[PDB]
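Participant: Take a look at this one; I'll ask things after.
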Amino acid sequence: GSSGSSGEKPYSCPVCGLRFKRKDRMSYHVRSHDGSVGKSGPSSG
Ligand SMILES: [Zn+2]
């Protein structure tokens, strides 16, 4: 797949196929696909 733009829409959801205008909104959607999490355990103290 080739977009074809020197530089437009720096924030998009190519994972599923859905462009976005907001950077904070796309981060909540695009993330919905690539799920990852596993903070460290409770350290002493
Ligand atoms: Zn998406």
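Using the deposited numbering, the first residue of the sequence shown is number 373, and each one after it goes up by one.
Cβ atoms here follow ideal geometry from the backbone N, Cα and C, with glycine treated the same way.
Relative to the C-alpha of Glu-380, which candidate in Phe-392, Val-387, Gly-373 has its C-alpha closest?
Facilitator: Nearest of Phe-392, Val-387, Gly-373 to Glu-380, Cα basis: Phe-392.
Participant: Can you list, in chain order, the residues of its chain with a C-beta nearer than 8 Å to that of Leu-390? Leave out the 5 residues immediately preceding and following it.
Facilitator: If we look at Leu-390 and ignore the five residues flanking it on each side, its Cβ neighbours are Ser-384, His-401.
Participant: Of the residues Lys-395, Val-387, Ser-375, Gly-373, which one's Cα is nearest the Cα of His-405?
Facilitator: Among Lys-395, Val-387, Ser-375, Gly-373, the Cα nearest to that of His-405 is on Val-387.
Participant: How many angstroms separate the CA atom of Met-398 from the CA atom of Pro-382?
Facilitator: So the alpha carbons of these two residues sit roughly 11 Å apart.
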